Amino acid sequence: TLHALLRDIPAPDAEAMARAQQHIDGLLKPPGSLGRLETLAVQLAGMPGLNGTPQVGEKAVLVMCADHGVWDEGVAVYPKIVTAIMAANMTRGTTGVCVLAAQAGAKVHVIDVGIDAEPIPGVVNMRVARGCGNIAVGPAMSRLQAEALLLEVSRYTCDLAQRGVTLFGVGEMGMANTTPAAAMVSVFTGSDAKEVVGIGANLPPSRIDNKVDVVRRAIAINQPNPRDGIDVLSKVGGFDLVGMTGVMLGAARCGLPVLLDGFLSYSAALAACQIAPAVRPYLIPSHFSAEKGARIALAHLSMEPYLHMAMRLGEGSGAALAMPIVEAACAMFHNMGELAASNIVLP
C-alpha cells in the first residue's frame, strides 16, 4: 500500500555520511577543493541502498510517456501523434535520451502510462487511459488512478534494484505536458502562472497568453490543494507527471538516488517532496532547464543543477548527461590517493 511505501522510506545514514566526509577530507587535494563532487559523494554515502559508500552499478533512465487532453486548448505546437511516434522511436535507440543513455552506459525503460494511440509493441505498458482529461475543464484523472499509478511505478522502480540498478534518472514524453507542469509549479510554489509558463516545445510568442490563461483556468476549476500533492497531480498534472513522481518515490523507498531531468521532472519532484519530505535527500539535479519556470521550481526544491546546457528536450536527456558526474564523485572517492600517504599535513 501507498501508505506503507511512504512510511517506510528510509532516513539518510548519518554514520556513513560522517565516514564519507572524513575520507574525502583526507584525499590528495586541499580540503573542499572538489566542491560539489564532495558534497555529492557524501549525499550518496548516506543513501541506504548504496551500502555505506558512493557507488554506481547499473543505471536506468525511466521515461514516462503520455498524452494530455489540454492539447485541445492550443497550448502545444506539435501534433498529438508525436508522443506515440517518439515512444516508438525510443524502442529503436534514435532519440536524444537513448543516445545520451548509451553514452552513459545506462539502460532506458520506455513506459507508456497513457498515450492516446494504440499500444506500442516493446514499450512497457502501464497505461491508465488514452491520454488524461483536459485539465482546463476538469481533473486529469481520479485520485484512485493517481494512487494506483504511483504505487505501480514505485514498485517497478524498486524492483530494478534486484537486477543491480543503483542509479535512476527520470524522464517523460508528452505533447502539451509543459502546461500541467506549469500548473503544478504555480500551485506548489504560489507563483503566478505568467511566471512559470514557458515556450515548451518552441511554442510561438503569440500563443503564450493562451497557455497562461489555460493554466489559470485549470487551477480555478480544479481547486487543487497545494498541501496534498496527490490531489495536485490528479487534478492538474498528467499520467507522465505522476509516473515520474512514482519513480522518485520508488527510488527513495529503495534508498537509492534519482537524477532529475528538466522542467517536467521539477514539477513531479515538487509533488514528490510534498507527499513525502523524506524523498528529498535521494534527488539529484542534473541540468538547468531553459524553460521559463525552472528557476522558481528549482528554488522551491533548494536545488542547484550541475549542468547549464540551455536544454529543453526532456525525455530524461539531461538526467542521462549527468550520470557521468555521479560516477566522477564515486571515482574521486574510491580512486584518489591520500594526503597522509604523501606526508602532506593539513595546514
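Quick note: we count residues from 1 along the sequence shown, nothing fancier.
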*Got a sec? Mean C-alpha B-factor, which is higher, 292-300 or 40-48?*
292-300
*Once you work out the mean C-alpha B-factor for both 50-58 and 27-35 from the entry, which is higher?*
50-58
*In the PDB entry, which of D261, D112, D116, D192 has its C-alpha at the highest B-factor?*
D192
*Per the PDB entry, which option out of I81, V236, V170, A272 has the greatest Cα B factor?*
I81
_Third assignment of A104 from its chain's C-alpha B-factors_ = middle
*Chain-relative CA temperature factor third for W71*: middle
*Taking the values exactly as deposited, rank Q223 by C-alpha B-factor within its chain and report the matching third: lowest, middle or highest.*
middle
*Using the B-factors in the PDB entry, rank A161's C-alpha atom against the chain and give the third, lowest, middle or highest.*
highest
_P180 by Cα B-factor - lowest, middle or highest third of the modelled chain_ = lowest
